[PDB]
Asks: 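Here's a structure for you.
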Amino acid sequence: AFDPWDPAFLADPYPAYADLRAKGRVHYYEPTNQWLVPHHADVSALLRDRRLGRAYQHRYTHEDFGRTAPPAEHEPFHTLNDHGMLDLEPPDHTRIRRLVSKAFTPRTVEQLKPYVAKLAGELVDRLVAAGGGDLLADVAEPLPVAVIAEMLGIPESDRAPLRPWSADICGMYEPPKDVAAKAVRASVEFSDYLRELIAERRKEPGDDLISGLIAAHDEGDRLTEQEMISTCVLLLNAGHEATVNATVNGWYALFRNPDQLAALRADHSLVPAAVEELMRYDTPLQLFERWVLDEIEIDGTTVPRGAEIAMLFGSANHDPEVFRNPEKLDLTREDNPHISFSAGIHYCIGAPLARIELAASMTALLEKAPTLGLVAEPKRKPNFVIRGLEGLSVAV
Ligand code: HEM
């Protein structure tokens, strides 16, 4: 009896998650032909199970897996997608991630802190100067793209087309004939830009990540041109909308919980714990899927090879067997093992950088806009897999 399109579910899905959890540990959903998993223990376990993957073609033809191959007109998208580590399974995943993690390191993250803090400060100053604005458009949206641009080493000169590129490519996962068109178009355009920067970095080495990707090697193993383009597009696409919606989701929760906002404003040392609790309370990434590569059993229920599982991260983050009073926002929550950055081999390689951007944004807002208030009830985007608002009207 579940309709993820119901406007009440889009407004507040957490009561329905409560019902799902109470009704069982795996539920077949005919409309999407998917098996829904809502408990934290099950989601955690399945993300670490070697019998599940974000791809199946390394093991089975589409046809042997009981599926239909995608249009060859979408080859440029599928090529760019299938060389990024998010949709790779071992041993290809292992190789590209071991290689990428030689260029993209803890030192790389540390080096961005000053630019993250600087940029955050500037953004909030401008909003303060205007005495208010749209937290999404003016503060949340600009920072993530800029940080990845900076890490990749791209001029503010040519940084304009990145958002619209990332937008149209991601449109493919949201699929209209028109969406598909721009998505392949952007996939080509963006990949050519990358292709270019890859060479003027080969004949002209730099200190950026594109240059660290060109250098990265191990056991004489190295990255292909496509693996590098795919990695760069993945880092922008993965590090943008999630970070944006965590900042706006967080501030909306803070405005709706004035006791917690006042606690935060009174003790800025809560910022790290606050970033984590606001993500558990209302994660922007509600849902992730896995193919069943070998038959599994969940709670004595057999899920067959060829099935697709939907992991409800939102449900898992409100599981009362893990969190006490999960429906309550508590920035001082001691016990917060939220799964928002996932688990197993696809565990977010960006999580340290994401946490530095969310902390820098929050600290700037608290220091520079300590009187910030919500002007209007925001409009919720009609989407149950990426949970977000159209914008956030604020005033000092
Ligand atoms: C609020 C911020 C973020 C959240 C909640 C988030 C969450 C996640 C999740 C859940 C996954 C795995 C999905 C799955 O298991 O199916 C993932 C993967 C990934 N994330 Fe993030 N992420 C965030 C920010 C970022 C940032 C800033 C970057 C990069 C700069 C990034 C890069 C990636 C990459 C490259 C992967 C693929 C990892 C792999 O497949 O091995 N993410 N992220």
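Numbering starts at 1 and runs along the sequence shown.
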Asks: If the threshold is 4.0 Å, N to carboxylate O, is there a salt bridge linking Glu276 and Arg355?
Replies: yes
Asks: Supply the atom-to-atom distance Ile169 CD1 to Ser187 OG, rounded to the nearest 0.5 angstrom.
Replies: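 Taking CD1 in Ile169 and OG in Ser187, the distance rounds to 4.5 Å.
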Asks: Closer than 4.0 angstrom, basic N to acidic O: yes or no for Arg265 and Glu367?
Replies: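 Result for this pair is no, no salt bridge flagged.
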Asks: Evaluate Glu150 against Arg159 for side chain to side chain contact (heavy atoms under 4.5 Å, CB included), listing each step before the verdict.
Replies: CA-CA 10 Å; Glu150 194 67 21; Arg159 275 183 196 184; 2.8 Å; yes
Asks: If every non-hydrogen atom of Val100 is compared with every non-hydrogen atom of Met85, which pair is closest and at what distance?
Replies: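 For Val100 and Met85, the tightest heavy-atom pair comes out as CG2-CE, 3.6 Å.
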Asks: Strictly under 6.0 Å, is that where the ring centroids of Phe323 and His40 end up?
Replies: yes
Asks: Could you please spell out the steps behind the side-chain hydrogen bond (donor to acceptor under 3.5 Å, both in side chains) verdict for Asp267 and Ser269?
Replies: CA-CA 5 Å; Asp267 183 9; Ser269 80; 2.7 Å; yes
Asks: Could you verify whether a donor N or O on one side chain and an acceptor N or O on the other, from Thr301 and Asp299, lie under 3.5 Å apart?
Replies: no
Asks: Quick one: closest heavy-atom pair of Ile309 and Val292, and the distance?
Replies: CD1-CG2, 3.5 Å
Asks: Using a strict threshold of under 4.0 Å (side-chain N to carboxylate O), is an ion pair present between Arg201 and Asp207?
Replies: no
Asks: Indicate yes or no: at least one non-hydrogen side-chain atom of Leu46 is less than 4.5 angstrom from one of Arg290.
Replies: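 No, too far: nothing below the 4.5 Å cut-off.
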Asks: Enter the distance from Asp282:CG to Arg256:CZ here, rounded to the nearest 0.5 Å.
Replies: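 Here the interatomic distance stands at 9.0 Å.
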Asks: Report yes if the distance between the aromatic ring centroids of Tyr17 and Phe9 is under 6.0 Å, otherwise no.
Replies: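 That pair passes the under 6.0 Å test.
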Asks: Donor-acceptor check, side chain of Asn257 to backbone of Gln260, threshold 3.5 angstrom: yes or no?
Replies: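 Here the side-chain-to-backbone pair does not exist.
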Asks: If only atom types and distance count, is the side chain of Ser230 paired as donor or acceptor with the main-chain N or O of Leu80 below 3.5 Å?
Replies: yes
Asks: When you compare the side chains of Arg67 and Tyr60, does any donor N or O come within less than 3.5 Å of an acceptor on the partner?
Replies: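 Side chains of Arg67 and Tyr60: no pair found under 3.5 Å.
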Asks: Could you check whether any side-chain heavy atom of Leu312 comes within less than 4.5 Å of a side-chain heavy atom of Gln286, counting everything from C-beta outward?
Replies: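 Not in contact.
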Asks: Would you say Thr79's side chain and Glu75's backbone share a donor-acceptor pair under 3.5 angstrom?
Replies: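 Yes, the answer is positive, given that a donor and an acceptor are paired below the 3.5 Å cut-off.
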Asks: Answer yes if the ring centres of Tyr29 and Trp35 are under 6.0 angstrom apart, and no otherwise.
Replies: no
Asks: So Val303 and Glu295, do their side chains get closer than 4.5 Å, heavy atoms only?
Replies: no
Asks: Any luck finding a side-chain donor-acceptor pair between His83 and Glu225 under 3.5 Å?
Replies: no
Asks: Is any side-chain heavy atom of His268 less than 4.5 Å from a side-chain heavy atom of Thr363?
Replies: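 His268 does not reach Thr363 side chain to side chain.
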Asks: Does some side-chain heavy atom of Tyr14 sit less than 4.5 Å from a side-chain heavy atom of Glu327?
Replies: no
Asks: Got a donor-acceptor contact below 3.5 angstrom from the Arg387 side chain to the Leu10 backbone?
Replies: yes
Asks: Does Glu241 offer a backbone N or O that forms a donor-acceptor pair with the side chain of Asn245 under 3.5 Å?
Replies: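 Side chain of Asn245 to backbone of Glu241: a pair is present.
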Asks: side-chain hydrogen bond (donor to acceptor under 3.5 Å, both in side chains), that's the test. Do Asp134 and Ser393 meet it? Break it down for me.
Replies: CA-CA 5 Å; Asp134 187 338; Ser393 196; over 6 Å; no
Asks: Quick check against the 3.5 Å criterion: does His318 have a side-chain atom that pairs as donor or acceptor with the backbone of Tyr281?
Replies: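 Checked: pair present.
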Asks: Do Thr283 and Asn317 pair up side chain to side chain, a donor and an acceptor below 3.5 Å, judged on atom types alone?
Replies: no
Asks: Any idea which heavy atoms bring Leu358 and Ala246 closest together, and the distance?
Replies: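 Between these two residues, the closest heavy atoms are CD2-CB, 3.9 Å.
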Asks: Could you state the interatomic distance from CD1 (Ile339) to CZ (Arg280), rounded to the nearest 0.5 Å?
Replies: 13.5 Å
Asks: Report the distance from atom CD1 of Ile96 to atom CG of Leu234, rounding to the nearest 0.5 Å.
Replies: 11.0 Å
Asks: Go through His346 and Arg54 one step at a time and tell me if the side chain to side chain contact (heavy atoms under 4.5 Å, CB included) criterion holds.
Replies: CA-CA 9 Å; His346 292 296; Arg54 285 187 60 99; 3.8 Å; yes
Asks: Measure from the side-chain N and O atoms of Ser361 to the backbone N and O of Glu357, and report whether any donor-acceptor pair falls under 3.5 Å.
Replies: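 It does not hold such a pair.
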Asks: Just verifying a value: how many Å separate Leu86 CG and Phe288 CZ, rounded to the nearest 0.5 Å?
Replies: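 The distance works out to 7.5 Å.
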Asks: Which distance, rounded to the nearest 0.5 Å, do you find between the CG of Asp42 and the CZ of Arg21?
Replies: 12.0 Å
Asks: Taking it one step at a time, do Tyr252 and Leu135 satisfy side chain to side chain contact (heavy atoms under 4.5 Å, CB included)?
Replies: CA-CA 10 Å; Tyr252 184 53; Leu135 233 222; over 6 Å; no
Asks: Is the distance from the ring center of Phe341 to that of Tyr347 below 6.0 Å?
Replies: no
Asks: Less than 4.0 Å between a side-chain N and a carboxylate O, is that true for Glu297 and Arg51?
Replies: no
Asks: Any chance you could lay out the side-chain hydrogen bond (donor to acceptor under 3.5 Å, both in side chains) test for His338 and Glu277, step after step, and finish with the verdict?
Replies: CA-CA 8 Å; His338 66 98; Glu277 164 69 348; over 6 Å; no
Asks: Does the pair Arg126/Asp138 count as a salt bridge with the N-to-O cut at 4.0 Å?
Replies: no
Asks: Write down the atom of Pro161, the atom of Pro164, and the distance for their closest heavy-atom approach.
Replies: O-CD, 3.2 Å
Asks: Given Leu52 and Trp291, is the side chain to side chain contact (heavy atoms under 4.5 Å, CB included) satisfied, shown in steps?
Replies: CA-CA 6 Å; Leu52 308 195; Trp291 298 114; over 6 Å; no
Asks: Taking the side chain as every heavy atom from C-beta outward, state whether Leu278 and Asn249 have any pair of such atoms under 4.5 Å apart.
Replies: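 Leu278 does not reach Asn249 side chain to side chain.
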Asks: For the residue pair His62 and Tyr56, categorise the inter-ring angle as parallel (less than 30°), tilted (30 to 60°) or perpendicular (more than 60°).
Replies: perpendicular
Asks: Which pair of non-hydrogen atoms, one from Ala140 and one from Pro144, has the smallest distance, and what is that distance?
Replies: O-CD, 2.9 Å
Asks: Establish, yes or no, whether a centroid distance under 6.0 Å links the rings of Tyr173 and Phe77.
Replies: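 Yes.
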Asks: Give me the atom names and distance for the closest heavy-atom approach of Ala360 to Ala120.
Replies: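 Heavy atoms of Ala360 and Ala120 come nearest at O-CB, 3.7 Å.
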Asks: Linking I/L/V/M/F/W/Y whenever any side-chain heavy atoms sit under 4.5 Å apart, do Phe255 and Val271 land together?
Replies: yes
Asks: Starting from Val396, can I reach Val375 by hopping between I/L/V/M/F/W/Y residues whose side chains sit under 4.5 Å apart?
Replies: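 Different clusters: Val375 never reaches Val396 through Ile, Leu, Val, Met, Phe, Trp or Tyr contacts under 4.5 Å.
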Asks: Got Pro38 and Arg25 here, is their nearest side-chain heavy-atom distance under 4.5 Å?
Replies: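 Heavy-atom side-chain distance check fails, nothing below 4.5 Å.
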Asks: Is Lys381 salt-bridged to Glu390, going by a charged N under 4.0 Å from an acidic O?
Replies: no
Asks: Any non-hydrogen side-chain atom of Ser315 less than 4.5 Å from a side-chain atom of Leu20?
Replies: no
